[PDB]
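Chemist: Protein chains in written order, with the entry's author numbering: chain A, 154 to 785; chain A', 154 to 785; chain A'', 154 to 785. A prime marks a further copy of an entry chain. Cβ coordinates follow ideal geometry from the N, Cα and C atoms, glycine included. Please find one structure pasted underneath; my questions will follow.
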Amino acid sequence: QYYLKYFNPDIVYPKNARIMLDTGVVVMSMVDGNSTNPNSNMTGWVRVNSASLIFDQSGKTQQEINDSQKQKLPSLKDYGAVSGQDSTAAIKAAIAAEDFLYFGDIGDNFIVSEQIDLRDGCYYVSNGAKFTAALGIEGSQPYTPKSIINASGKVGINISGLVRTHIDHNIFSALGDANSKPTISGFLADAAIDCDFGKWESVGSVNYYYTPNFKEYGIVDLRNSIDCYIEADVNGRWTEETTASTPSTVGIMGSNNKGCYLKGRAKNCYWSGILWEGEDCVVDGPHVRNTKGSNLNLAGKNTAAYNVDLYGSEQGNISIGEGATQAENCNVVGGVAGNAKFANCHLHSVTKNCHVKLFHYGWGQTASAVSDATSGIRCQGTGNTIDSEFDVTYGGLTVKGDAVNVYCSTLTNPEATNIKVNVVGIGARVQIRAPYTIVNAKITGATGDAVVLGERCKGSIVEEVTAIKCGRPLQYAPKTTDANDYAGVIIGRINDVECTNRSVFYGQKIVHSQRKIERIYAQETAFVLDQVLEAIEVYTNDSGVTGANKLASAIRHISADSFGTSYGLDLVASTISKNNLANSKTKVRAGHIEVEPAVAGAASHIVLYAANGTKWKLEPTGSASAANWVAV
Amino acid sequence: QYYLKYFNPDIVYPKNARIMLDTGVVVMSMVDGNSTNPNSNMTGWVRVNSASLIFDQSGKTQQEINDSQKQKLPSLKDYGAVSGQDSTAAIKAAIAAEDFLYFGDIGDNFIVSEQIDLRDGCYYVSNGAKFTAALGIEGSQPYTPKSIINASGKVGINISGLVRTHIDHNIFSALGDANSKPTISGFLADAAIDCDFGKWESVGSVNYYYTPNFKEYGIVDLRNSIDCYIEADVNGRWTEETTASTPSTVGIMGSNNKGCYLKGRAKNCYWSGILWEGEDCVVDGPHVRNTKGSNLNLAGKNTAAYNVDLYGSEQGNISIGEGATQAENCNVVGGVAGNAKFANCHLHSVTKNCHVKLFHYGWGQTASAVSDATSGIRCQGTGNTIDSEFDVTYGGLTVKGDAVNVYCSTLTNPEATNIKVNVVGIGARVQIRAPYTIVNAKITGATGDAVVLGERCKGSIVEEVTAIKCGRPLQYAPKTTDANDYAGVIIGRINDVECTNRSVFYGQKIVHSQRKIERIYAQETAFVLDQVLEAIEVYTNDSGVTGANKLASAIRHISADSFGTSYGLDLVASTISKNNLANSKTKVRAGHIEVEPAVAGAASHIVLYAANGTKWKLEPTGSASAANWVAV
Amino acid sequence: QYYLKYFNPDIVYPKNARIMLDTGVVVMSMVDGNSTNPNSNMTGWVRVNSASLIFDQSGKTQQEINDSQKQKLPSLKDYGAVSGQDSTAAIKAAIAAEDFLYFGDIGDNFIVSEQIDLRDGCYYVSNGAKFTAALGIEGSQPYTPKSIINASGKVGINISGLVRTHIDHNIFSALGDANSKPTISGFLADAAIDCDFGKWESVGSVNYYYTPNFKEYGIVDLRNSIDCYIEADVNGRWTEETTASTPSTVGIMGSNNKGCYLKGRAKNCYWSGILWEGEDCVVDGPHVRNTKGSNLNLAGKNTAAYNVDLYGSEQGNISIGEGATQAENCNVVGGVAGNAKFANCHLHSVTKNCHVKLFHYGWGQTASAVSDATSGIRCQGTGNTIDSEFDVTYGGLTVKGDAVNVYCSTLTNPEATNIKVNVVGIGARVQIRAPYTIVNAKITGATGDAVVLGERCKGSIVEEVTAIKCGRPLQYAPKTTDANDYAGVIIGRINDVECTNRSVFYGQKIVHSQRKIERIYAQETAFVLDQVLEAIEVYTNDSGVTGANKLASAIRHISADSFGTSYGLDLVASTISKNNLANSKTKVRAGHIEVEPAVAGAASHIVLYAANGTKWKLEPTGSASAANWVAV
């Protein structure tokens, strides 16, 4: 008929005997004296439907095959995580169990009710696996900061690939009060050591304002960590939503780190796009768009942002040392910063030896009237170096305020001192109001002064200013009434090309030079009478002389002749006459000197001394007569 | 005997009853009243050889295990793609079905008959999987551009790993005509948004010349895309084959992109190695070898190539704005460019505010005679900055033409204006023929002039030129006949070390300086009679004076004494005598002046004025006699 | 009863007949005339427990499923490698068999007895798989260098992910003798071509000192290779152990390479952290800590280290060309170097055209007295460019020796020539003792001289030195006795701000300038009698004059008047009187000159010539009397 036998209570089964369970599944006896009921007791029985009873061609059991094949890539889904379900339990189970672990892929979205703690020395792979926050993640009251994925106090994690985080702030907005609120990061690692945190793409955080001891957290946050690496791509939803209160703060946030590397992209942040604070940290090509805070904040010590790509702030592109204890050798190493309401780069008073190199434009985008805040580079601090490249027309934005603005308020404990300035660009001013400032500039097309040095520039060296088709190359405008204000200020080489107004100086420099023979060759071919080959001209602004002629004194290398077949010197002097400075010359000539009269109708003379130290003039009579010594 | 039962037409099968199919496979009844013929009708039957009827140790079915294990890594080969077969159908099936997808490995080579379209938001992994083009890929007539893998109009692709492409142009060379041809890219993405395209290694393309509206495509091509990233390593087979016609064009081609990043390696390209055009695009360390076109072409706006590694072109290393509408702030940010037939870097007339920093050598490798094309840096455009580092001996190549060549043809709407030049190196010239040029140079070992400023240099500032063991530091050689030509040209500090010939100037600069006390200390220890401590010397090139002495006038700080126990001034004058300029001195001395005669046998004198403005000389008689006023 | 039938010797089995083996496993006949004993002979029998006799829902066999699922990710463990066992055989088996191959994960540690040779064109993936050396790896006598993983003479490897290596030197320390020892690298590739070697984390090597022809190997070593890429993170255990002899040498070692890229991290190395030698090689952000050798050694040709991060050496941060044939255009492209016993950067005599740009501090940390070795930058070679940024206070370390020290020992075949120096920083000296040196400096807070130029500076141009609150801006201190020593040395613009002592010069420069009108405008408002508007002052150091007044000669632009309502010139002369230089003036004035007496009680005069060339003085009598010509 058919094959069917149940267990018989009275029978002894030999080895290899097959029967059925009440379920229908077939059992074989492994023993010769089998009396055991396989429905109750599998002692000396095997189920023939077992994986361990299927054989591959190789000689491996199917069991052996499933075991080795699984152990290659242990997944969250192996632990019964479900995409579009709460997977919390399953996730934590997976982590606790598996040193190497696969999250899943781009089609996976695991819902998480509790903070996911990574484990020490583990390796995690991820193909685009998303994690989504749900209620309860904020954890226990007195609320302390949490994340979806956490590596707080973890050592030697590796993450290979892409992890995605989703926080909807609208779920959490009703929780806490005035004093205490949830803080929910995408990723947090506080006190992590030597971790590669792979790649993140994260939307949203939860960081509503609470009144005492408010702590901002990033979407992606690494705090108090050592030798950690992450890549992160965050969206803060600023300008993509309307919200009652400020939901989220900083995009990507690094704070009190040592030796930590970011590859960083931030948008739509209600505070700072990227903040990176600490010691020997690196921001590698940060890319920031449309942030309510500053695009990029650096502090700490020897923290460098390389090849920046910043656009669109309610504040500035770059703060150095904003709200910070320390900003020592915090550097920006090339890039582009555009469309800031205030400054491209604000180097705060805290800054020590910060180096900024930047292409920058469309600062001072504020509706608000011009201030120190509306600068390209706004510089305070101690011995900062600016390498400015700028253009005012760039990206069809209209600037407000100086290209560079370096300034103290007082010479007594100055807020800005020892700054080095290197500035090239088109169509705004460099303003300096700070001691010991070293200035190099190339400026094209400024309406006004290329460069001004105002008050409080004591001991500034202006090495070189080249100005093409400006209002004025340089003006020095010190505090006249105070010797201290302009003491030791050196204006070096000023280069004027088709500037409207001459440069304006103050003070007299002391210069020490090597002995020279200076040789001026004139190629020209032809020289008319009293033609200047080479001159130095000294002009006065004396009270006593009001009226257009102000030549005080001059030395002129002259063509003496209507042929240029003789040459001399013009030793120029001056005296007040008819409310003007009248000029006259001692003429140094081949075989003669000639002293010219002070004015028409005055005689000229030679003053000599007797041995008794009385003084005598030889002065012509208007006749061909004996010369006599006339007392003077 | 044995176990064998077929279906019986007359029998009712109880639950758990096992029989055989005619095939021999065993069936169990799931029902108590089974009358159904399992050969025809599996209603209430199960095949006992099913995966769903094998149980792992865990409690999972084998079916459940195969389902979860597959869904980890869905592959092309799961969809019945075969390596070394046409896999087109299978591929497209795989893509349509699977959000996450594995290509395969280095031993996989899938043959593709039709363009492979990726899908939006998908994640693709690849371990070296190769795709090979076959006939039909060119698609339908009127031929439009195709690729092996395509992401035209795709959003949010991720590619993890390495994809390899093979196009043999020899399959496609007979297709189209004069007017219409196939275009076959390795990879194309036209109008892609926010895609990471991982890593490519691609050989060959199909892009034969057709007569109207010819469109070049890359081996690897990203057109009209936003926020896309690729790495690509291409071979164009130029110099590895002989071909009737030009088969392929550009290696890696980026055109009208916004915010797109390349890591790029190109060789053996019949056009450009790498071209990258657009807005805010980045070329990160492009590595180009042996290209018939230019090694690297930049255009658009704020497109930067970082840390270039270019060698071996029939054209140049770098074109900026070749055949382009726009080349505004298109920058090269360090690297090395060598072995160009023409220029290392050609900044075309289109260029606005382009910055080039480069080590460069072995330009002008052409057999053809020296031209503007045979330059290190060939610069036209508006306000480009050159940072040149060069060496003519470098890599044992022999250069032709100037190190830097900045030039307009006319001052009226000049093709080059406002260029900034910073040049250091060994053993070639800097030539400037352009207005408003700012020059800084350090040149060693040039045969001729370190620097020349030719015609059309109006309003150029030459800040500093240091020349070691050149022919000449600087020559200024303007259009003499035109005041406009040399108007406002400033030659600053020229530094001559063991140059053969003195520097040659033209024009006279107007300089405004801060008031100085200048203090020249001479350490020497010993000074002979008429020894010059410090001098200024003015020389003439007057027509009227032909014959070697051309000192017009001088001021000399002099040791007056054969002991150096007295010091004075020499006020030097000159007059034509015996077809030479004869020199004579007013001697300013402690307690005297001394006017020397113009020539031997002439008397000296003092000219003074009477109050009636007649002039009188005191002139010695050759006796110890009364001095009289003598009319003059 | 039950289901059980053995093979019967007398029976013919029809097709589909099932019996048992003596083992109990069920067999079905595939043939109608089966007479074959399945216990001895499986001809026309199948085992029903076969994978090929289980069917997935899809229609695939379980066999077909195991085959395709395995071939996705072939592993070492598939080949029966065991973690914490000797896996050598299994590994080599895996490699020989599989073009694509998975090592395993972070929980895998395979013990290796013999060098593992990779294969040409293969692709390897690794999730943190560790390999550990055991005895026998050193291989056969005469000992030749070995590694755990080897790619010597391999082409076109790819490695994706992270491989980890462990060498315990304590296993191998008893082997060889005086002449011959094991050399055991983590990874070695000698003569590899176009390989991506992914990522390494490696501890330890074996490289004990043997007396003739000692060859240092890296922990991670690439020798004589072309177009190879690696990332490597090594620990040499220096300072983590005590050892009898030097066990290991170089961390990461690149030697005679062409076009090879490193991402490099080294610590605790008994020699060099990272060495990279060859042609067109790149060290991308090398990160070195706590090394007994130099942190970083470059040689060869066009080898560049970018954005260095070096701290803590018994030697220096950077050697260029240490123990090398060639060091031509070997560059350091930004970064930070700190805490070297000797120099931050030593550019050896071999160096040609090396460019160094660096922030540097805490050099000369040695207990040993100041030498040339205790410099920030120690520079020898031919035409090296230094861009120095320095700070002596930085990181609370106390420096010893010059910031920069550029030096030859002789002008005859000089060890240092043609060096370019650009130096900014705080609180140490720049020393130059080398010909043709170009100097630019900005120095703050040096105790002594900002800059000194010593002996052997022939044909040096010091373009600009800015000194703020130094001891002295510049001193030039040549070999006085030798004209050659200071020939052609140009000291340009020296800027002194509140320096203690004036700059000290030697020699007189020849300067060629463009013709100028120089216009000095004085803004001041008020001028007293004999007030200097602008002056040049020439001072002597003559033997003959000992005693404080050393003004030799001067030209002074003067306010002539107690109102500043007249202006002139002061032409200053001097003569020895009462063991001082006494000053006197020719006064150039509006309508007069005035010659002042040499000293009180001397008369002044005018010297003129007769036509017979005899000389005559007009000199006052002390009366209102006839002027006579007095012979002189």
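As an exercise, report each continuous beta strand (DSSP E) stretch of at least 3 residues that is fully enclosed by the region 716–776 of chain A'', in chain order.
Modeler: Taking only runs of at least 3 residues, the beta strand (DSSP E) segments lying wholly in the region 716–776 of chain A'' are 719–730, 733–742, 745–748, 758–762, 768–771.
Chemist: In chain A'', what lies closer than 8 Å to A:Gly274 by C-beta?
Modeler: Neighbours of A:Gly274 on chain A'', chain order: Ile259.
Chemist: What residues from chain A'' crowd round A:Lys168, counting only those whose CB sits closer than 8 Å?
Modeler: What A:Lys168 touches in chain A'': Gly177.
Chemist: Which of the residues in the region 606–620 of chain A, read from start to end, lie with their CB under 8 Å from any CB of chain D?
Modeler: Although the question refers to chain D, the structure presented lacks it and instead comprises the protein chains A, A' and A''.
Chemist: Return the residue from the list A':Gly775, A':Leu734, A':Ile405, A':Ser358 that minimises the CA-CA distance to A':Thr285.
Modeler: When only C-alpha atoms are compared, the closest one is A':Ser358.
Chemist: Could you check whether the Cβ of A:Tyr589 sits closer than 8 Å to any Cβ belonging to chain A'?
Modeler: Not one chain A' Cβ lies under 8 Å of A:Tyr589.
Chemist: Would A'':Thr774 pass as an interface residue toward chain A - the criterion being a Cβ-Cβ separation below 8 Å?
Modeler: A'':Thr774 counts as touching chain A.
Chemist: Using CA coordinates, which residue listed in A'':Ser712, A'':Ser737, A'':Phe658, A'':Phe340 is at the minimum distance from A:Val664?
Modeler: Ranking A'':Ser712, A'':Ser737, A'':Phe658, A'':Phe340 by Cα distance to A:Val664 puts A'':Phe658 first.
Chemist: For the alpha helix (DSSP H) holding A'':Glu217, just list the boundary residues, first then last.
Modeler: Unbroken alpha helix (DSSP H) run through A'':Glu217: 215–225.
Chemist: Do we get a CB-CB distance below 8 Å when we pair A:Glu291 with the residues of chain A''?
Modeler: False, the Cβ-Cβ gap to chain A'' never drops below 8 Å.
Chemist: Using a beta-carbon distance cut-off of less than 8 Å, what residues from the region 211–235 of chain A' approach chain A''?
Modeler: Flagged, chain order: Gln215, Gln216, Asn219, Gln222, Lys223, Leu226, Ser228, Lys230, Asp231.
Chemist: In terms of DSSP beta bridges, what is A:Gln628 paired with?
Modeler: According to DSSP, A:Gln628 bridges with A:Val605, A:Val657.
Chemist: Under 8 Å between C-beta atoms, does A':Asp321 make it to chain A?
Modeler: So, not an interface residue.
Chemist: Exposed or buried, what is A:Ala397 when buried is set at 16 or more other beta-carbons lying within 10 Å of its beta-carbon?
Modeler: Classification of A:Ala397: exposed, given that the 10 Å Cβ count is below 16.
Chemist: Take A':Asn460 and list the residues in its own chain whose beta-carbon comes closer than 8 Å to its own, dropping the five residues that flank it on each side.
Modeler: So the list reads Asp437, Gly438, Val486, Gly487, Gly488, once near-sequence residues are dropped.
Chemist: Measuring alpha carbon to alpha carbon, tell me which of A'':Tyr155, A'':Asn470, A'':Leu174, A'':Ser182 ends up nearest A'':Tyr166.
Modeler: Checking every option, the nearest Cα to that of A'':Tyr166 belongs to A'':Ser182.
Chemist: In chain order, which alpha helix (DSSP H) runs of at least 4 residues are fully inside the region 628–709 of chain A'?
Modeler: 636–639, all fully within the region 628–709 of chain A'.
Chemist: Would you please state the rounded distance, in angstroms, between the beta carbons of A'':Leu500 and A'':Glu542? I believe it to be under 8 Å.
Modeler: That belief does not hold up - the Cβ atoms of A'':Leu500 and A'':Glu542 are roughly 16 Å apart, past 8 Å.
Chemist: Give a yes or no on contact between the region 777–784 of chain A' and the region 768–781 of chain A, applying the rule of three or more CB pairs nearer than 8 Å.
Modeler: Judged by Cβ distances under 8 Å, the region 777–784 of chain A' makes contact with the region 768–781 of chain A, as three or more pairs qualify.
Chemist: Using a Cβ-Cβ distance under 8 Å, would A':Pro439 count as near chain A?
Modeler: By this cut-off, A':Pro439 is not an interface position.
Chemist: At a Cβ cut of 7 Å, what residues of the region 684–710 of chain A'' count as close to chain A', listed as they run along the chain?
Modeler: The region 684–710 of chain A'' vs chain A', Cβ under 7 Å: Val685, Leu686, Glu687, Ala688, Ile689, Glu690, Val691, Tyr692, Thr693, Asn694, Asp695, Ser696, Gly697, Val698, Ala705, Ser706.
Chemist: Looking at the structure shown, is A'':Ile248 part of a helix, part of a strand, or coil, going by DSSP?
Modeler: Three-state result, A'':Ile248: helix.
Chemist: Among A'':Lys662, A'':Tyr692, A'':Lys505, A'':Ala282, which residue has its Cα nearest to the Cα of A'':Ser355?
Modeler: Measuring from the Cα of A'':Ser355, the nearest candidate turns out to be A'':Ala282.
Chemist: Let me see if you follow: with CB-CB separation under 8 Å, is A'':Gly641 close to chain A or not?
Modeler: Output row for A'':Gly641: interface = no.
Chemist: I'd like to know whether the C-beta of A':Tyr720 is nearer than 8 Å to at least one C-beta of chain A''.
Modeler: Yes, A':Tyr720 counts as interfacial toward chain A''.
Chemist: Chain A' partners of A:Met173, CB-CB under 8 Å?
Modeler: What A:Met173 touches in chain A': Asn169.
Chemist: Pick from A:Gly491, A:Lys768, A:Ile310: whose alpha carbon is nearest that of A:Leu550?
Modeler: The residue with the shortest Cα to Cα distance from A:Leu550 is A:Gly491.
Chemist: A':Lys230 by DSSP, collapsed to three states: which one?
Modeler: Note: A':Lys230 maps to helix in three-state DSSP.
Chemist: Could you check how far apart the C-beta atoms of A:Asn702 and A:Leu734 are, in whole angstroms? I think they sit under 8 Å.
Modeler: Between A:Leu734 and A:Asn702 the Cβ distance is about 5 Å, and since that is below 8 Å, they are a contact.
Chemist: In this structure, what does DSSP give as the bridge partners for A'':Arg200?
Modeler: Its beta-bridge partners are A'':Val180.
Chemist: Would A'':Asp540 count as contacting chain A if we go by Cβ distances under 8 Å?
Modeler: Output row for A'':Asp540: interface = no.
Chemist: Under a three-way DSSP split, which group does A'':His501 fall into?
Modeler: Coil.
Chemist: Can you confirm whether A:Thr456, when its beta carbon is compared against all beta carbons of chain A'', has any partner nearer than 8 Å?
Modeler: It does not; no Cβ of chain A'' falls within 8 Å.
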